[PDB]
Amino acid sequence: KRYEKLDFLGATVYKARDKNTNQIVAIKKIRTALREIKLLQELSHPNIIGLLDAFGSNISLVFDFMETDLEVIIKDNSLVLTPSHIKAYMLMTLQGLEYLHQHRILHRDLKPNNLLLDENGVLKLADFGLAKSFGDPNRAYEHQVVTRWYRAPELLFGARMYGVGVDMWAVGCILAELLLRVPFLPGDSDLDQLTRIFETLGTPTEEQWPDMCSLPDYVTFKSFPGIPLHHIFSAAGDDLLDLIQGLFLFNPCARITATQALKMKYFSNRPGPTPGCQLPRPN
């Protein structure tokens, strides 16, 4: 309507120019979008993508333009991530997520390519296509799960009741991927995803996860010992290992929350988070 289509980016996404401010934006063109406009229009947090406008003739959602995303950074061999880089990305991720959870919203699709980065190193959660108020019902056969590699074990065992844990597990997978620069648990099937979770983190005992055997799709895997976190992340300090451990607890009620994650010593310890403007950018 009042936007000129500049470059194509990848539903269909275009770069554009707002003729009011001459501001550069991203326009996403196509009931998935109804629920999205509802939440996103009224939210406002630096680390949550802003919905600037919408119009219907199909639906077009107008978003802040973000020059890159975490997956691009992770896959870019010319960039080396320092401990301070990783700390900055996690802090922005968790502050965004803490906001959402305080507003009783689950993202439900956290993965590196949904953490967008602007030219000033501001990270923003995006793609609220699966986002849900905590108390909304979970559909029978149209149930929307994150891509498998970021997916919490309770979801892989068919949980219909879940909460904050699904996002926090994903956040642990994103952290692991920042550290390893490859996906942490790349399952090739939903069963193989559980296999990989268990042979890496151990097959849960009933005291680690009391209610596991009563999940709708529970089945008996072999007992795997797991691998010590300090062996997997050989460059991570004890403070980072404690955060990673908290994010991958099997019991979704024991798993660390965004708020608890942000209060951990990791975030107050040296080295500090990289200022956004010094974060490494694809050249």
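In case it trips you up, residue 1 is the first one in the sequence shown, and so on.
Of the other entries compared for this protein that flank it with modelled residues, a third or more give no atoms for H143. Looking at the other PDB entries for this protein, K29 is absent from the model in a third or more of those that include the residues around it. According to the entry, the stretch of the deposited sequence that connects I30 to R31 contains 10 or more residues lacking coordinates, which leaves a long gap in the model. Comparing the deposited coordinates for 220-228 and 45-53, the stretch with the larger average C-alpha B-factor is 220-228.
When the C-alpha B-factors of 83-91 and 153-161 are averaged, 153-161 comes out higher. Note on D211, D167, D188, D127: the highest value goes to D211, judged by CA B factor as recorded. Taking the deposited Cα B-factors for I59, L249, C253, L243, the highest one is held by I59.
Ranked by C-alpha B-factor against the other modelled residues of its chain, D64 falls in the middle third. Residue-level temperature factors show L279 in the lowest third of its chain, judged at the C-alpha atom. In this PDB entry, the Cα temperature factor of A235 sits in the top third of its chain's modelled residues, the highest group. When the modelled residues of the chain are ordered by C-alpha B-factor, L34 sits in the highest third.
Per the deposited record, the Cα B-factor of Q193 falls in the lowest third when ranked against the other modelled residues of its chain.
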